[PDB]
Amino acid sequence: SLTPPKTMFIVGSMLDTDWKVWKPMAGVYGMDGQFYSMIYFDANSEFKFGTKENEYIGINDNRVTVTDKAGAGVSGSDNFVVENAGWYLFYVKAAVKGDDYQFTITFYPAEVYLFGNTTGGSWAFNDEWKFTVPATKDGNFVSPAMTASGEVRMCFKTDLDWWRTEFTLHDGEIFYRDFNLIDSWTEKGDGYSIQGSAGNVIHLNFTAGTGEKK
């Protein structure tokens, strides 16, 4: 009778040294009970995660599996502990099996990409098009300069199709795709679509959750 959860949060010391802030994780398009979030972790950050606020699941729970693909260095005995300071893409997959959930936690490298007509029409992960990564909690990811004109497209890289984890700028805010998108973001609304030309760059700040074309 159980279905996969609709919400995921993360909580811990890289957000609030008091564990009082719960980051709601963005949901992976078209795939149920999978979530992703771009977070800076300090060295020996401690965190847990949960489905609702004030649920605390940690590394020792037998429903839980960790997969490190970022060299974050994940360990701990209750809390999750991330050894190496860095931006990482925190990624959770909750699947039903039996009457309980079964979590897969994956750290992906902080890899953000420009796609689409703004790039001369790359529709695949291509390292010419990867944002540089800021050193601090508060820096920006910045794209390389665009080489053509059109709608801007942006995504993170995972083991899934790119467009399942892509996003844009609505009103200075970072908006993660949550509908069926075919030709353009204007399918959502305008000032969801974001018009670029040769020379432009994006700045993203994922701590704030904002960004801007420049």
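One rule holds for the numbers: they count along the sequence shown, beginning at 1.
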{"property": "Of 65-73 and 51-59, the one with larger mean CA B-factor", "result": "51-59"}
{"property": "Between the two ranges 101-109 and 114-122, the one averaging a larger CA B factor in the entry", "result": "114-122"}
{"property": "Highest-ranked of 168, 147, 45, 165 once sorted by CA temperature factor in the record", "result": "147"}
{"property": "Third of chain Cα B-factors occupied by residue 139", "result": "highest"}
{"property": "Third of chain Cα B-factors occupied by residue 133", "result": "middle"}
{"property": "Third of the chain's Cα B-factor distribution that residue 204 belongs to, per the entry", "result": "middle"}
{"property": "Residue 176 - Cα temperature factor, lowest/middle/highest third of chain", "result": "middle"}
{"property": "CA B-factor ranking of residue 29, expressed as a third of its chain", "result": "middle"}
